[PDB]
Amino acid sequence: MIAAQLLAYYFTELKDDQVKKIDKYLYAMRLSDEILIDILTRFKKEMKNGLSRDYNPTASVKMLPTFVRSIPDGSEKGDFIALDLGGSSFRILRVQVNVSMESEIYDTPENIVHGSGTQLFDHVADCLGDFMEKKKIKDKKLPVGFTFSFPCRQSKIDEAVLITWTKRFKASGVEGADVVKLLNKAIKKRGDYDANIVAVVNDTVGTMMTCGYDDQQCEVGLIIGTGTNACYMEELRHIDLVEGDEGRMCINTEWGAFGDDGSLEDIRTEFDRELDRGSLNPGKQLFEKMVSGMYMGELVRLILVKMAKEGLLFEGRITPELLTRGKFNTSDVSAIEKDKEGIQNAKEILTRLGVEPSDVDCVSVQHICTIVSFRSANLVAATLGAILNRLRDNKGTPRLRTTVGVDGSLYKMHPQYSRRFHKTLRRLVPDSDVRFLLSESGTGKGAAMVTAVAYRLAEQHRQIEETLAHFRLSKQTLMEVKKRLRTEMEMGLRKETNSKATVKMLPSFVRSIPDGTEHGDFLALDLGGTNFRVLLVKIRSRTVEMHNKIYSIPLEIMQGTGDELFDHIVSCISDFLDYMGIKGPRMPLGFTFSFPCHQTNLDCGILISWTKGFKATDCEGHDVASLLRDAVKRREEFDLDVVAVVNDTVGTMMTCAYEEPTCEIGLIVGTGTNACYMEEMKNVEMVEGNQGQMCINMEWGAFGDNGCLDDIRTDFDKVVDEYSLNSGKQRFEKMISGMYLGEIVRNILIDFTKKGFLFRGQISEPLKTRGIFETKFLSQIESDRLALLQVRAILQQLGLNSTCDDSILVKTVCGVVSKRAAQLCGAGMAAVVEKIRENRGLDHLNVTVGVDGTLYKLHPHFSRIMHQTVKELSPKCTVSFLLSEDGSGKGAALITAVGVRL
Ligand SMILES: O=P(O)(O)OC[C@H]1O[C@@H](O)[C@H](O)[C@@H](O)[C@@H]1O
Ligand SMILES: O=P(O)(O)OC[C@H]1O[C@@H](O)[C@H](O)[C@@H](O)[C@@H]1O
Ligand SMILES: OC[C@H]1O[C@@H](O)[C@H](O)[C@@H](O)[C@@H]1O
Ligand SMILES: OC[C@H]1O[C@@H](O)[C@H](O)[C@@H](O)[C@@H]1O
């Protein structure tokens, strides 16, 4: 063997002399550690820019958010299908989780790849059909995971908008589109089987998930093959594009694009540039074309040519295979760099290229292979180094212990790459005990690991939707609901039908809008809403001076006695008279009693039945005007003239009509809901008389107490009503007013919570607290100006331990309910305007509506949706809504003016 030894010395001798010369020729491809630190530092800056919302729009390193928040924990179970496309092979596996997987490779020729997105996806679908056939699972409904090795935009995990083609693929009409849906079109065109792509993940994510399944220290996913890329677990609080602050989420770096903006124009060489000039994506993936094992061999080829041309190789002799693009590939690079086998391989290959390689040439082309595969390994060490620093920092520790899961041919196959990369890495990041785990099995197993979870969520999101589905009414139902009210309106206005009508159409003896001749000083009560207040209104024919003071009524008095309740009112009145300096002279009062009252004239008003929060005994069936008088007596302090008993709708209508003659309808949407309008007397059957109109206090909150709305009432609606004071009463109102909506939302959440869909399945005392969701908060929650952070805060403020996810669902629930309300109220209001256009027999109506109520006033959407609904439900009308800013008081004064007038 003194021969082999003898030879080896010969080559080293031969080698030595040449190496110096080549190192100086390709000096540009000799990146010092210093430079590598520089590149490591530049990459950091690029990573910070991709995560930053401020800088992300022009950041080359996309730092795309995948929707994976943690590596496998063993909770995963089931048999899935995995599609792997973009690597070196198009495999279709069937993982079943121990983890049992079955792969299959399908050839994807240079016609499908560079073809049409349709052709491509038709190929993917066919192969999938083949697999499922072969495998005998087409019957079984199995979840599909898609390992798509390209840059995509995902908002959810089953969303995957292609940004740009990478590596070898370039099919027309895919970029910009949702690959998932594109895949579905193919499977449906074929209409062979049924498939649900529940997840779409990158191969670095898939590799990371795969390794983490085996090693729980796994936080990175690296790929060095047809293309290079890396992903890692990043803290949510830093992922600006995703709203959350708790936990981490995997970030698909897409580092191949590093340098695309020009950041590596000082590193990149003339060879890298020409390699680019003839590539499928000129100017893109620049960092990748210097590292990847799809660009490597061709890079060596471009160097060989340059030197041969310059007579520095094969005595300047060129051959046409040396010039043909792709004659020299990365496998040639790997072999030529083999330990013992290297030099002869260089020969066997180089002669295949037609140049008569000398022993010198073989020794040179091997060194040329080292500089190029080494620059590659050093560049990945640098950028991975940065990811490692970023991880260390996120940990706050000065030392890092993590695991990077690798995969990829160049790494897995080149004889010098792996260790050179390793050594260089740890010299750059000496502050870490980085391990590397090679995904021996491939990406599929990890994608199944993602698909298992994506599926689970997709499943629970489906049940939630089976719930909310109910608070979503079709225009056709809003149309019937409208038609249903109109029938009811007829039943209370008509003699015979009246006693049966649930929507009683109460005659308020207000026969006209302010005639501008009103004058005087009137006292006025406003009871029923949220704030009970006593007012003094000084009208003068034309000027209205107002004054008021809120007097709170305890829940106890409010639900006390007819006496306790009414004695309390008089005392407040007593105080107000003092407060005003009006005490003494008997004054004309206008009682705004916001409740169902049977009147036969202004000055009387028998409480038909309490609604909302009042439940004071011995009050129903009595003339409230009368009760007010007895209370004044028992007191024996002052006296007053109970001139009128008006409802708040009527009062609101007048307050607005005073300024706007066109206002003939009054709407209230606050603690409770109701409306009123100027009905033609010809129709007011309950009241004898034939001329003019009469304001009908449509007690619409009862619409449905007979059952005509029982097709749209949900089991949640039943509950609220069941747990209320007036159980079975005020249904239409119970699904619209601010005293009820919160309770609907609260019972849904309790439901979702029991299902584990929310607040981690635990029903907190606050969750069980009635009225926890006030009009003040619903309005806030449902606000768009409010960030998610803020919505989460309110909910935490309410005492509920919400997460950002809870904060989203809660927010969703509130919108389904308030929308349904704004819609239902719009249907009723729509009916009212038909009857007005029809009663006055006109082709087209222009009427104004006076509105008041905290919900209508505070809520961000209600009014807006409601306005649209009335518009779309009743096209022959142009309803205008006027917000009442002076309360029912002013209007109640104008009523007592004319009320005192007789
Ligand atoms: O370019 P490659 O050698 O195919 O490397 C990338 C590919 O590696 C395979 O082992 C994985 O299963 C694929 O999910 C990945 O896309
Ligand atoms: O529930 P609320 O906010 O009190 O809405 C209804 C109330 O609105 C006030 O503005 C009116 O002055 C009251 O007469 C009415 O009863
Ligand atoms: O296949 C490995 C990687 O190659 C890159 O060039 C692609 O852009 C990545 O999306 C992919 O993860
Ligand atoms: O407060 C607005 C409405 O609330 C309902 O609960 C009452 O029954 C109505 O009479 C009133 O108009």
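Where a number appears in this text, it was derived from the coordinates with a stated rule and is not lab data. Using ideal geometry, Cβ is built from the backbone for each residue, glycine included, and neighbour counts are taken over all protein chains shown.
Can you tell me which of 852-859, 652-659 comes out highest on packing, and rank the rest after it, using the mean Cβ neighbours within 10 Å? List each step's numbers first, then the result.
On the way: 852-859: 23.9, 652-659: 28.0.
Averaged packing, sorted descending, gives the order 652-659, 852-859.
For the stretch 545-591, with the dipole built from +1 on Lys and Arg beta-carbon atoms and -1 on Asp and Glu ones, taken about the Cα centre, which of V570, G560, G590 lies farthest toward the positive end?
Sorting the options by dipole projection puts first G590.
Peptides 283-292, 668-677: what's the order by average Cβ count within 10 Å, highest mean first?
Values: 283-292: 23.6, 668-677: 27.2.
Result, highest mean first: 668-677, 283-292.
Could you size up the charge dipole of the chain around its Cα centre, putting +1 on the beta carbon of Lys and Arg and -1 on that of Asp and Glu, and report it in debye to the nearest 20?
Values: 115 positive and 124 negative charges, 310 e Å.
Dipole about the Cα centre, nearest 20: 1480 debye.
Report the Stokes-Einstein translational diffusion coefficient (µm² s⁻¹, integer) for the chain, Rh taken as the Kirkwood radius over Cα pairs, at 37 °C with viscosity 0.692 mPa s. Kindly include the intermediate steps, with their values, before the conclusion.
Values: Rh = 33.3 Å.
Using the Kirkwood radius from Cα pairs, D works out to 99 µm²/s.
Return the FRET efficiency for the residue pair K615, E885: r is the Cβ-Cβ distance, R0 is 45 Å, and the value is rounded to the nearest 0.05. Could you put the intermediate results ahead of the total?
Values: r = 31 Å, r/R0 = 0.68.
Result of the calculation: an efficiency of 0.90.
Under the classification rounded if a/c is under 1.5, otherwise prolate if a/b is larger than b/c and oblate if not, where does the stretch 131-184 fall, given a ≥ b ≥ c as square roots of the Cα gyration tensor eigenvalues?
Values: a/c = 2.65, a/b = 1.81, b/c = 1.46.
It is prolate, given that a/c is not under 1.5 and a/b is the larger ratio.
Please state the shape class of the stretch 197-305: rounded when a/c is under 1.5, otherwise prolate if a/b exceeds b/c and oblate if not, all from the C-alpha gyration tensor.
Values: a/c = 2.80, a/b = 1.94, b/c = 1.44.
The shape class here is prolate.
First measure r as the distance between the Cβ atoms of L842 and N498, then evaluate 1/(1 + (r/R0)^6) with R0 = 30 Å and state the FRET efficiency to the nearest 0.05.
Numbers: r = 27 Å, r/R0 = 0.90.
E(calc), rounded to 0.05, equals 0.65.
Output the Kirkwood hydrodynamic radius of the stretch 486-581, Cα pairs only, in Å rounded to one decimal. Working shown, then result.
Details: mean 1/r = 0.0603 Å⁻¹.
Over the stretch 486-581, the inverse of the mean reciprocal pair distance is 16.6 Å.
Between the DSSP loop rule and a limit of at most 13 other Cβ atoms within 10 Å, which GluC sites (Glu not before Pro) in the stretch 293-339 are left? Intermediate results must be reported in sequence, preceding the final value.
Numbers: sites: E298, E310, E315, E321, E337; in loops: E310, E337.
In loop regions of the stretch 293-339 (DSSP not H, G, I, E or B), the sparsely surrounded GluC sites (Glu not before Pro) are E310.
If N is the number of residues in the stretch 679-778, what value comes out of its Cα radius of gyration divided by 2.2 N^0.38 Å?
Values: Rg = 18.9 Å, N = 100, 2.2 N^0.38 = 12.7 Å.
With N residues counted in the stretch 679-778, Rg over 2.2 N^0.38 Å equals 1.50.
So what's the gap between the Cα centers of the stretch 145-194 and the stretch 477-496, to the nearest angstrom?
Measuring centre to centre over Cα atoms gives 52 Å.
Given Cα pairs under 8 Å that are at least 6 residues apart, what percent is the relative contact order of the stretch 785-902?
Working: 102 pairs, mean separation 30.2, N = 118.
That works out to 26 percent.
If you bin the C-alpha pair distances of the stretch 769-902 every 5 Å from 0, what whole percents do you get?
All Cα pairs considered, the percentages come to 2, 9, 15, 15, 14, 13, 12, 9, 6, 4, 2, 1, 0.
Using +1 at the C-beta of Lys and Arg and -1 at the C-beta of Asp and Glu, which of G581, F121, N683 has the Cα lying farthest in the positive direction of the dipole of the chain?
About the Cα centre, the residue reaching furthest to the positive side is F121.
Please sort 226-239, 58-71 by packing, taking for each peptide the average over its residues of neighbouring beta carbons within 10 angstrom, highest first. Walk me through the numbers before you get to the answer.
Numbers: 226-239: 23.0, 58-71: 20.6.
The peptides rank, most packed first, as 226-239, 58-71.
Mind computing the radius of gyration and Dmax over the alpha-carbon atoms of the stretch 734-820? Å is fine for both.
Values for the stretch 734-820 (Cα only, Rg and Dmax): 11.6, 31 Å.
Does a label point 7 Å from the Cα of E175, set along Cα-to-beta-carbon, have any residues of the stretch 255-282 with amide nitrogen under 12 Å, and which are they?
Answer for this model: 280-282.
Pull out a ≥ b ≥ c, the square roots of the eigenvalues of the alpha-carbon gyration tensor of the stretch 443-495, then state rounded if a/c is under 1.5, prolate if not and a/b is larger than b/c, and oblate in the remaining case. Before the final figure, lay out the partial values.
Working: a/c = 13.72, a/b = 5.97, b/c = 2.30.
Prolate is the answer for the stretch 443-495, as a/c is 1.5 or above and a/b outweighs b/c.
Separation of the stretch 5-52 and the stretch 565-611 by C-alpha centroid, Å?
Rounded to whole Å, the Cα centres lie 94 Å apart.
What base-10 log of the normalised intensity I(q)/I(0) is obtained for the stretch 598-718 from the Debye formula, alpha carbons as equal point scatterers, at q = 0.11, 0.13, 0.18, 0.22 Å⁻¹?
Relative scattering, expressed as log10 I(q)/I(0), comes to -0.52, -0.71, -1.18, -1.38.
Could you work out the mean projected area of the convex hull around the alpha carbons of the stretch 1-80, in square nanometres to one decimal?
On the way: hull surface 54.6 nm².
One quarter of the hull surface, i.e. the mean projection, equals 13.6 nm².
Only helical DSSP H runs with n ≥ 4 go in: add -39500 (n - 2.57) per run for the chain, normalise by residue count and round the 222 nm mean residue ellipticity to 500 deg cm²/dmol. List each step's numbers first, then the result.
Numbers: 31 runs with 395 residues, N = 902.
Per the formula, -14000 deg cm²/dmol.
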